[PDB]
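Engineer: Please find structure_16.cif (mmCIF, C-alpha atoms and all ligand atoms) on the next line:
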```
data_structure
#
loop_
_atom_site.label_atom_id
_atom_site.label_comp_id
_atom_site.auth_asym_id
_atom_site.auth_seq_id
_atom_site.Cartn_x
_atom_site.Cartn_y
_atom_site.Cartn_z
CA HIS Q 32 11.74 -5.35 -20.95
CA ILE Q 33 14.50 -7.63 -19.54
CA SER Q 34 13.20 -11.20 -19.13
CA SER Q 35 12.96 -12.67 -15.64
CA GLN Q 36 15.12 -15.54 -16.97
CA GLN Q 37 17.78 -12.92 -17.70
CA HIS Q 38 17.46 -11.26 -14.23
CA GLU Q 39 17.72 -14.67 -12.58
CA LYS Q 40 20.77 -15.51 -14.68
CA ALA Q 41 22.57 -12.21 -13.98
CA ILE Q 42 22.00 -12.42 -10.20
CA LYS Q 43 22.96 -16.10 -10.05
CA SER Q 44 26.20 -15.11 -11.83
CA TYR Q 45 27.05 -12.50 -9.19
CA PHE Q 46 27.14 -15.27 -6.55
CA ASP Q 47 28.88 -17.69 -8.99
CA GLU Q 48 31.56 -15.03 -9.65
CA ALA Q 49 32.25 -14.47 -5.94
CA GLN Q 50 32.82 -18.25 -5.76
CA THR Q 51 30.14 -18.52 -3.05
CA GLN Q 52 26.73 -20.10 -2.48
CA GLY Q 53 23.97 -17.70 -1.54
CA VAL Q 54 20.48 -16.29 -1.96
CA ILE Q 55 19.05 -12.79 -1.96
CA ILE Q 56 15.34 -12.37 -1.01
CA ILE Q 57 13.47 -9.29 -2.16
CA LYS Q 58 10.02 -8.34 -0.95
CA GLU Q 59 7.81 -6.02 -3.00
CA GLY Q 60 4.66 -5.27 -1.09
CA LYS Q 61 3.68 -8.68 0.17
CA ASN Q 62 5.41 -10.68 -2.61
CA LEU Q 63 8.73 -12.47 -1.84
CA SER Q 64 11.20 -13.00 -4.70
CA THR Q 65 14.20 -15.38 -4.27
CA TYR Q 66 17.35 -14.95 -6.44
CA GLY Q 67 20.98 -16.23 -6.39
CA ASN Q 68 22.79 -19.62 -6.97
CA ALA Q 69 21.43 -21.47 -3.87
CA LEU Q 70 17.68 -20.89 -3.67
CA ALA Q 71 17.09 -23.64 -1.03
CA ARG Q 72 18.92 -21.47 1.51
CA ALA Q 73 15.80 -19.21 1.70
CA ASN Q 74 14.06 -21.32 4.31
CA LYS Q 75 17.12 -22.73 6.13
CA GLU Q 76 18.11 -21.50 9.61
CA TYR Q 77 21.48 -19.75 10.23
CA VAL Q 78 22.90 -17.81 13.16
CA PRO Q 79 21.94 -14.11 12.76
CA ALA Q 80 25.49 -12.95 13.81
CA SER Q 81 25.67 -9.15 13.75
CA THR Q 82 22.17 -8.75 12.16
CA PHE Q 83 20.96 -9.28 15.75
CA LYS Q 84 22.42 -5.85 16.61
CA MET Q 85 19.29 -4.24 15.09
CA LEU Q 86 17.02 -6.02 17.57
CA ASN Q 87 19.52 -5.68 20.49
CA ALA Q 88 19.42 -1.86 19.92
CA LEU Q 89 15.59 -1.83 19.73
CA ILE Q 90 15.35 -3.79 23.01
CA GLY Q 91 18.04 -1.72 24.76
CA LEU Q 92 16.52 1.62 23.71
CA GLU Q 93 12.94 0.53 24.43
CA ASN Q 94 13.88 -0.65 27.94
CA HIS Q 95 16.06 2.47 28.71
CA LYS Q 96 19.32 0.56 28.96
CA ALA Q 97 21.00 3.18 26.78
CA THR Q 98 20.20 6.37 24.88
CA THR Q 99 21.21 7.31 21.36
CA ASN Q 100 23.86 9.80 22.41
CA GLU Q 101 25.39 7.88 25.32
CA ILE Q 102 29.09 7.04 24.78
CA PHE Q 103 30.12 3.43 25.47
CA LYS Q 104 33.77 3.83 26.57
CA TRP Q 105 36.50 1.51 25.39
CA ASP Q 106 37.73 -0.24 28.52
CA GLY Q 107 41.32 -0.22 27.18
CA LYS Q 108 41.46 -3.96 26.53
CA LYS Q 109 42.70 -5.19 23.10
CA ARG Q 110 39.81 -5.87 20.69
CA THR Q 111 39.81 -8.25 17.68
CA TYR Q 112 40.04 -5.18 15.38
CA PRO Q 113 41.89 -1.90 16.08
CA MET Q 114 38.93 0.19 14.80
CA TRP Q 115 36.88 -1.07 17.81
CA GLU Q 116 39.41 0.38 20.29
CA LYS Q 117 37.56 3.60 20.85
CA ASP Q 118 34.52 5.12 22.51
CA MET Q 119 31.32 5.11 20.52
CA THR Q 120 27.54 5.61 20.48
CA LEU Q 121 25.19 2.67 19.65
CA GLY Q 122 24.99 4.30 16.19
CA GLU Q 123 28.76 4.31 15.56
CA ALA Q 124 28.95 0.83 16.99
CA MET Q 125 26.18 -0.25 14.52
CA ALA Q 126 28.20 0.96 11.52
CA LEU Q 127 31.47 -0.61 12.74
CA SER Q 128 29.57 -3.71 13.82
CA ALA Q 129 31.42 -3.38 17.16
CA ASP Q 130 30.45 -6.51 19.11
CA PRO Q 131 31.87 -5.26 22.50
CA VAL Q 132 29.35 -2.45 22.68
CA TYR Q 133 26.50 -4.74 21.74
CA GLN Q 134 27.67 -7.30 24.27
CA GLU Q 135 27.64 -4.60 26.94
CA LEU Q 136 24.16 -3.54 25.92
CA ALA Q 137 22.94 -7.19 26.06
CA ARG Q 138 24.39 -7.55 29.56
CA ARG Q 139 22.54 -4.41 30.67
CA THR Q 140 19.28 -5.85 29.27
CA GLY Q 141 20.07 -9.13 31.10
CA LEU Q 142 19.17 -12.74 30.15
CA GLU Q 143 15.56 -12.77 31.46
CA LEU Q 144 14.43 -9.51 29.79
CA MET Q 145 16.35 -10.47 26.63
CA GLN Q 146 14.50 -13.86 26.40
CA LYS Q 147 11.11 -12.22 27.01
CA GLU Q 148 11.70 -9.56 24.34
CA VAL Q 149 13.07 -11.92 21.68
CA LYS Q 150 9.96 -14.17 22.23
CA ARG Q 151 7.71 -11.05 22.17
CA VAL Q 152 8.90 -9.85 18.75
CA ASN Q 153 9.00 -13.43 17.44
CA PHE Q 154 12.55 -13.32 16.02
CA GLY Q 155 13.77 -16.50 14.25
CA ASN Q 156 13.52 -19.66 16.41
CA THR Q 157 13.31 -17.24 19.41
CA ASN Q 158 15.69 -19.33 21.54
CA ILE Q 159 18.58 -17.48 23.29
CA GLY Q 160 19.80 -20.22 25.69
CA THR Q 161 21.58 -19.25 28.94
CA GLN Q 162 24.38 -16.81 27.87
CA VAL Q 163 23.05 -13.24 27.33
CA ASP Q 164 26.20 -12.10 25.48
CA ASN Q 165 26.96 -14.70 22.78
CA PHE Q 166 23.67 -16.38 21.75
CA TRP Q 167 23.74 -14.63 18.33
CA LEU Q 168 27.06 -16.10 17.26
CA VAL Q 169 27.18 -19.84 17.67
CA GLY Q 170 23.65 -20.68 18.66
CA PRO Q 171 21.17 -21.45 19.83
CA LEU Q 172 19.39 -18.47 18.14
CA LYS Q 173 18.77 -19.14 14.42
CA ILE Q 174 16.80 -17.42 11.71
CA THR Q 175 16.02 -18.01 8.04
CA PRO Q 176 16.60 -15.54 5.19
CA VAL Q 177 12.80 -15.39 4.74
CA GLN Q 178 12.41 -14.48 8.44
CA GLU Q 179 15.19 -11.84 8.16
CA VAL Q 180 13.58 -10.13 5.17
CA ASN Q 181 10.19 -10.13 7.01
CA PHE Q 182 11.90 -8.54 10.07
CA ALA Q 183 13.49 -5.91 7.81
CA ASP Q 184 10.05 -5.32 6.23
CA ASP Q 185 8.54 -4.90 9.72
CA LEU Q 186 11.21 -2.41 10.83
CA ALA Q 187 11.10 -0.49 7.55
CA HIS Q 188 7.35 0.10 8.07
CA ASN Q 189 7.44 0.63 11.84
CA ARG Q 190 5.41 -2.54 12.36
CA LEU Q 191 7.54 -4.12 15.15
CA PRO Q 192 6.07 -4.00 18.73
CA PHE Q 193 8.19 -1.09 20.05
CA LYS Q 194 7.46 2.62 20.07
CA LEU Q 195 7.60 4.50 16.81
CA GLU Q 196 10.45 6.62 18.24
CA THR Q 197 12.55 3.55 19.19
CA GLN Q 198 12.13 2.19 15.63
CA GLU Q 199 13.08 5.48 14.00
CA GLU Q 200 16.15 5.89 16.20
CA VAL Q 201 17.36 2.41 15.17
CA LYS Q 202 16.57 3.02 11.51
CA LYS Q 203 18.67 6.23 11.56
CA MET Q 204 21.65 4.06 12.61
CA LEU Q 205 21.33 1.76 9.57
CA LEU Q 206 21.85 4.14 6.61
CA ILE Q 207 24.75 2.71 4.61
CA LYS Q 208 24.42 4.13 1.07
CA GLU Q 209 22.73 6.81 -1.06
CA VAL Q 210 22.42 5.94 -4.74
CA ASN Q 211 20.50 8.23 -7.13
CA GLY Q 212 17.99 9.67 -4.60
CA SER Q 213 17.59 6.09 -3.28
CA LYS Q 214 18.68 5.30 0.28
CA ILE Q 215 19.90 1.90 1.38
CA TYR Q 216 19.48 0.92 5.05
CA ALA Q 217 21.07 -2.36 6.03
CA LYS Q 218 22.92 -4.35 8.63
CA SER Q 219 25.74 -6.70 7.68
CA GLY Q 220 26.63 -9.94 9.42
CA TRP Q 221 29.50 -12.44 9.33
CA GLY Q 222 29.31 -15.42 11.68
CA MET Q 223 32.96 -16.53 11.80
CA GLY Q 224 32.69 -19.14 14.58
CA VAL Q 225 30.03 -21.33 12.99
CA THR Q 226 30.99 -23.83 10.23
CA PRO Q 227 30.41 -23.12 7.42
CA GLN Q 228 30.58 -19.36 8.02
CA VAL Q 229 27.55 -17.24 7.15
CA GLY Q 230 27.41 -13.76 5.66
CA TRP Q 231 24.32 -11.53 5.74
CA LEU Q 232 23.23 -8.16 4.52
CA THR Q 233 19.67 -7.36 5.53
CA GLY Q 234 17.79 -4.12 5.18
CA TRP Q 235 15.71 -2.22 2.68
CA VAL Q 236 15.88 0.38 -0.06
CA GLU Q 237 13.94 3.59 0.36
CA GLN Q 238 13.17 4.89 -3.13
CA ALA Q 239 12.84 8.61 -3.97
CA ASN Q 240 9.02 8.23 -4.13
CA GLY Q 241 8.88 6.86 -0.57
CA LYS Q 242 8.41 3.11 -1.35
CA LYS Q 243 10.51 0.74 0.77
CA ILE Q 244 11.76 -2.52 -0.68
CA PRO Q 245 13.31 -4.85 1.87
CA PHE Q 246 15.96 -7.46 1.04
CA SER Q 247 18.08 -10.04 2.74
CA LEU Q 248 21.24 -11.50 1.31
CA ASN Q 249 22.56 -14.67 2.87
CA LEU Q 250 25.70 -16.46 1.70
CA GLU Q 251 28.53 -18.79 2.68
CA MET Q 252 31.68 -16.81 3.61
CA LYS Q 253 35.03 -18.54 2.97
CA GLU Q 254 38.56 -17.67 4.30
CA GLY Q 255 40.05 -14.65 2.51
CA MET Q 256 36.76 -13.36 1.12
CA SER Q 257 36.34 -9.60 1.56
CA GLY Q 258 33.30 -8.49 3.67
CA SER Q 259 32.46 -5.97 0.95
CA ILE Q 260 31.49 -8.85 -1.45
CA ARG Q 261 28.18 -8.75 0.52
CA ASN Q 262 27.55 -5.10 -0.45
CA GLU Q 263 28.73 -5.61 -4.02
CA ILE Q 264 26.47 -8.61 -4.74
CA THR Q 265 23.59 -6.69 -3.15
CA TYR Q 266 24.01 -3.41 -5.06
CA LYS Q 267 24.50 -5.30 -8.35
CA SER Q 268 21.35 -7.39 -7.64
CA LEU Q 269 19.23 -4.35 -6.71
CA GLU Q 270 20.57 -2.45 -9.73
CA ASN Q 271 19.94 -5.38 -12.10
CA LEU Q 272 16.32 -5.47 -10.93
CA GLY Q 273 15.99 -1.68 -11.25
CA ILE Q 274 15.30 -1.15 -7.52
CA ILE Q 275 18.17 1.40 -7.36
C1 LIG P 1 28.95 -9.57 13.19
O1 LIG P 1 28.45 -10.35 12.38
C2 LIG P 1 30.44 -9.70 13.58
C3 LIG P 1 31.15 -8.51 12.95
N1 LIG P 1 30.42 -8.11 11.77
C4 LIG P 1 31.24 -7.73 10.79
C5 LIG P 1 30.64 -7.37 9.51
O2 LIG P 1 29.38 -7.62 9.36
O3 LIG P 1 31.37 -6.93 8.60
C6 LIG P 1 32.52 -7.96 11.10
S1 LIG P 1 33.90 -7.63 10.17
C7 LIG P 1 34.79 -6.44 11.12
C8 LIG P 1 34.01 -5.12 11.12
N2 LIG P 1 34.82 -4.08 10.48
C9 LIG P 1 36.14 -4.67 10.15
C10 LIG P 1 36.46 -4.56 8.68
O4 LIG P 1 37.66 -4.48 8.43
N3 LIG P 1 35.45 -4.54 7.74
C11 LIG P 1 34.78 -5.75 7.20
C12 LIG P 1 34.96 -3.27 7.14
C13 LIG P 1 36.16 -6.15 10.51
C14 LIG P 1 32.59 -8.65 12.42
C15 LIG P 1 32.99 -10.13 12.29
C16 LIG P 1 30.57 -9.54 15.09
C17 LIG P 1 29.77 -10.52 15.92
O5 LIG P 1 31.91 -9.87 15.38
#
```
Mind turning the file's structure into structure tokens?

Structural biologist:
Amino acid sequence: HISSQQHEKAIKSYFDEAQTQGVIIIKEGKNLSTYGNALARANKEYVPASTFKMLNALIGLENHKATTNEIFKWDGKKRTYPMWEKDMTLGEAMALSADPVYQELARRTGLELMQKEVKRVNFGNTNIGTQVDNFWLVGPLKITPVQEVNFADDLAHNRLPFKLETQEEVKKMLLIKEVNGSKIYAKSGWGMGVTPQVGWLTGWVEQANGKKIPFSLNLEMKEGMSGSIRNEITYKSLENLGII
């Protein structure tokens, strides 16, 4: 009974109140809905940053460069964040968004196979350039919020061109929240070495009844913003719309 004008206003205000510019795309069935305080971002290209980890893991697992219980050892070198200084599975690394593990996995895949697989699944502008272990951070790979939500929709419904088992193993890594019999699966992203900086949270909601509603939030991150503003705007938006 809440008007769409009111939903649009409330979700715009969540971005306004985080002092950022952003959009959140929701897809119900085949219909895309765009909300937020910067709608024109929906079809603009940004680096995928750590959202690329979902496809890196699909490619690595499909091509047997890793398994889901293999432990990627910390090599003992200092990492940007102390929580990355430990040994972890692809799964743990997904939740911590640990770039060093994903960089190692990309190097096992190698530049040639990586290029072929990123073209094969049709991700973003599909260009990875000549450096297998940084193309998702500063270019040249870019992707729009519409393309990210369509990727999430594909993964949520096992539609990507990988085995069903590869897709389920990656999906199991992405569970971030359970809210009233609803499950939220998502990957966050924060591209710090592009200007302006870009924040992402892309995934889907699995409702109690089995329906999956994919989303993609995309915003401008600014110095001394907390990463958790991405989750908060998302949960508020999905709750406002009655998806969770
Ligand atoms: C991916 O985009 C980069 C990493 N991704 C994230 C993220 O999406 O939050 C971070 S932030 C890093 C992870 N956990 C630490 C933390 O204190 N929290 C935000 C919970 C800091 C990285 C920048 C990746 C390419 O570096």

Engineer: Compute the set of protein, DNA and RNA residues whose minimum atom distance to ligand LIG 1 (chain P) is at most 6 Å, using only C-alpha atoms and all ligand atoms, and state it as number ranges by chain.

Structural biologist: Q: 80-81, 127-128, 130, 219-222, 258

Engineer: Mind writing the picked residues with C-alpha atoms as a PDB file, keeping the file's coordinate frame?

Structural biologist:
```pdb
ATOM      1  CA  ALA Q  80      25.490 -12.950  13.810  1.00  0.00           C
ATOM      2  CA  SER Q  81      25.670  -9.150  13.750  1.00  0.00           C
ATOM      3  CA  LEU Q 127      31.470  -0.610  12.740  1.00  0.00           C
ATOM      4  CA  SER Q 128      29.570  -3.710  13.820  1.00  0.00           C
ATOM      5  CA  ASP Q 130      30.450  -6.510  19.110  1.00  0.00           C
ATOM      6  CA  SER Q 219      25.740  -6.700   7.680  1.00  0.00           C
ATOM      7  CA  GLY Q 220      26.630  -9.940   9.420  1.00  0.00           C
ATOM      8  CA  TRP Q 221      29.500 -12.440   9.330  1.00  0.00           C
ATOM      9  CA  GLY Q 222      29.310 -15.420  11.680  1.00  0.00           C
ATOM     10  CA  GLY Q 258      33.300  -8.490   3.670  1.00  0.00           C
TER      11      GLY Q 258
END
```

Engineer: Please provide the set of residues having any atom within 10 Å of residue 100 of chain Q, restricted to all atoms listed in the file, with same-chain residues fewer than 6 positions apart removed, written as an mmCIF file with C-alpha atoms, keeping the file's coordinate frame.

Structural biologist:
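Below is the file around.cif, written as the result:
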```
data_model
loop_
_atom_site.group_PDB
_atom_site.id
_atom_site.type_symbol
_atom_site.label_atom_id
_atom_site.label_comp_id
_atom_site.auth_asym_id
_atom_site.auth_seq_id
_atom_site.Cartn_x
_atom_site.Cartn_y
_atom_site.Cartn_z
ATOM 1 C CA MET Q 119 31.320 5.110 20.520
ATOM 2 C CA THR Q 120 27.540 5.610 20.480
ATOM 3 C CA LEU Q 121 25.190 2.670 19.650
ATOM 4 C CA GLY Q 122 24.990 4.300 16.190
#
```

Engineer: When you look at residue 37 of chain Q with a cut-off of 12 Å (counting all atoms listed in the file), what residues show up, excluding the ones that are within fewer than 4 positions of it in the same chain? I need them as a ChimeraX atom specification.

Structural biologist: /Q:32-33,41-44,66,271-272

Engineer: Of the candidates Q:132, Q:69, Q:159, Q:225, which shows the shortest atom-to-atom distance to residue 144 of chain Q, using all atoms listed in the file?

Structural biologist: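 Looking at the shortest contact to residue 144 of chain Q, the residue is Q:159.
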
Engineer: What is the atom CA of residue 249 of chain Q to atom CA of residue 143 of chain Q distance in Å?

Structural biologist: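 That distance, rounded to one decimal, is 29.5 Å.
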
Engineer: Which residues are near residue 233 of chain Q? Cut-off 6 Å, only C-alpha atoms, ignore same chain within fewer than 5 positions. Put them as a ChimeraX atom specification.

Structural biologist: /Q:217-218,246-247

Engineer: So, with all atoms listed in the file as the atoms that count, which of Q:93, Q:179, Q:116, Q:39 lies closest to residue 75 of chain Q?

Structural biologist: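 When distances to residue 75 of chain Q are compared using all atoms listed in the file, the smallest one comes from Q:179.
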
Engineer: Under the rule that all atoms listed in the file are counted, which of Q:49, Q:55, Q:239, Q:78 is the nearest residue to residue 170 of chain Q?

Structural biologist: Q:78

Engineer: When you draw a straight line from atom CA of residue 260 of chain Q to atom CA of residue 48 of chain Q, how long is it in Å?

Structural biologist: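 Atom CA of residue 260 of chain Q sits 10.3 Å away from atom CA of residue 48 of chain Q.
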
Engineer: How many Å separate atom CA of residue 231 of chain Q from atom CA of residue 175 of chain Q?

Structural biologist: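 Spanning atom CA of residue 231 of chain Q to atom CA of residue 175 of chain Q is a straight-line distance of 10.8 Å.
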
Engineer: Rebuild N, CA and C atoms on segment 87-102 of chain Q, as a JSON list (two decimals), in the coordinates of the input?

Structural biologist:
```json
[["chain", "number", "residue", "atom", "x", "y", "z"],
["Q", 87, "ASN", "N", 18.85, -6.01, 19.24],
["Q", 87, "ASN", "CA", 19.52, -5.68, 20.49],
["Q", 87, "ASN", "C", 19.35, -4.17, 20.78],
["Q", 88, "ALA", "N", 19.59, -3.31, 19.77],
["Q", 88, "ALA", "CA", 19.42, -1.86, 19.92],
["Q", 88, "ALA", "C", 17.96, -1.51, 20.17],
["Q", 89, "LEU", "N", 17.00, -2.15, 19.45],
["Q", 89, "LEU", "CA", 15.59, -1.83, 19.73],
["Q", 89, "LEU", "C", 15.27, -2.12, 21.19],
["Q", 90, "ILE", "N", 15.66, -3.31, 21.67],
["Q", 90, "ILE", "CA", 15.35, -3.79, 23.01],
["Q", 90, "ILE", "C", 16.03, -2.87, 24.04],
["Q", 91, "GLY", "N", 17.33, -2.57, 23.83],
["Q", 91, "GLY", "CA", 18.04, -1.72, 24.76],
["Q", 91, "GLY", "C", 17.41, -0.33, 24.87],
["Q", 92, "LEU", "N", 17.04, 0.27, 23.72],
["Q", 92, "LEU", "CA", 16.52, 1.62, 23.71],
["Q", 92, "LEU", "C", 15.10, 1.61, 24.27],
["Q", 93, "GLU", "N", 14.32, 0.55, 23.98],
["Q", 93, "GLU", "CA", 12.94, 0.53, 24.43],
["Q", 93, "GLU", "C", 12.92, 0.41, 25.96],
["Q", 94, "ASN", "N", 13.84, -0.36, 26.52],
["Q", 94, "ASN", "CA", 13.88, -0.65, 27.94],
["Q", 94, "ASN", "C", 14.78, 0.34, 28.72],
["Q", 95, "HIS", "N", 15.21, 1.44, 28.09],
["Q", 95, "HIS", "CA", 16.06, 2.47, 28.71],
["Q", 95, "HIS", "C", 17.38, 1.92, 29.24],
["Q", 96, "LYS", "N", 18.00, 0.99, 28.55],
["Q", 96, "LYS", "CA", 19.32, 0.56, 28.96],
["Q", 96, "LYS", "C", 20.40, 1.43, 28.32],
["Q", 97, "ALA", "N", 20.01, 2.36, 27.45],
["Q", 97, "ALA", "CA", 21.00, 3.18, 26.78],
["Q", 97, "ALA", "C", 20.20, 4.29, 26.13],
["Q", 98, "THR", "N", 20.86, 5.36, 25.69],
["Q", 98, "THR", "CA", 20.20, 6.37, 24.88],
["Q", 98, "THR", "C", 21.00, 6.51, 23.60],
["Q", 99, "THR", "N", 20.51, 7.29, 22.64],
["Q", 99, "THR", "CA", 21.21, 7.31, 21.36],
["Q", 99, "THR", "C", 22.42, 8.23, 21.38],
["Q", 100, "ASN", "N", 22.63, 9.02, 22.44],
["Q", 100, "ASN", "CA", 23.86, 9.80, 22.41],
["Q", 100, "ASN", "C", 24.86, 9.35, 23.47],
["Q", 101, "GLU", "N", 24.47, 8.39, 24.30],
["Q", 101, "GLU", "CA", 25.39, 7.88, 25.32],
["Q", 101, "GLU", "C", 26.67, 7.28, 24.70],
["Q", 102, "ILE", "N", 27.84, 7.51, 25.32],
["Q", 102, "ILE", "CA", 29.09, 7.04, 24.78],
["Q", 102, "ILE", "C", 29.49, 5.79, 25.54]]
```
